[PDB]
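Here's a solo chain for you in structure tokens, the form deposited in one PDB entry.
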């Protein structure tokens, strides 16, 4: 009924596959490490498959709708997501009702192809005040969580800024904020319907200090 978390073993190719994507999508960010910490690698301590009959089924039902309106192409894609609400997400699914127009963001759920981008948000916008125990955005002690999700993008509307969007434009199912000068540095994939993202993998890790 609820969700069941399935431990993958490091010997399992799926485990290796998921970690590789994470480690390899670490990229340098213009903030000197202020948001997600200074690190050149992660210590992946755990990777669990998220199994939830209800959620999978809703996700599949939505994927079919988007498909009929996108010429039978649901445009599914694997993307990362980091936020202080992962534990809620893996049990109740993504819920746009917690997405609000504010600051540099529209009322949608944001994803990223780069694991280090998602890491910048695990403790809040701009990293917030860091981990709860040491209030350190660069804590190497506390364990972090991020999701490698299945994301139904359907027909994406491309634009430079995504901060005052309430829903995907007419005819579309997602919005991609693209790089610009004086703008974004990495593309941001946004959905406005929770059902368009299934949290396939729960990644437990720590950023490692440089050597």
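Only residues modelled in both forms are compared. Positions refer to the first chain, counted from 1. C-alpha atoms forming the largest set that superposes within 1.5 Å between two forms make up the rigid core.
Another form, the form deposited in another entry, is not on view; read the next lines as being about it.
Participant: Any idea which of 162, 52, 156, 145 has its C-alpha shifted 2 Å or more between the shown form and the other one with the rigid core fixed?
Facilitator: Everything else stays below 2 Å; the exception is 162.
Participant: For a quick test of reading the superposition: does residue 105 move by 2 Å or more at the CA between the shown form and the other one, rigid core aligned?
Facilitator: Result for residue 105: yes, a 2 Å-plus shift.
Participant: Did residue 162 and residue 71 drift closer or farther in the other entry, going by a CA distance change of 3 angstroms or more?
Facilitator: Those two alpha carbons end up farther apart in the other entry.
Participant: Relative to what's shown here, the Cα pair residue 197 and residue 103 differs by 3 Å or more in the other entry. Does it come closer or drift farther?
Facilitator: The answer is closer, because the C-alphas of residue 197 and residue 103 approach each other in the other entry by 3 Å or more.
Participant: Once the rigid core is superposed, list every run of three or more consecutive common residues with all C-alpha shifts of 2 angstroms or more between the shown form and the other one, in sequence order.
Facilitator: The segments that shift (3 or more residues, C-alpha shift of 2 Å or more) are 101-105, 161-163.
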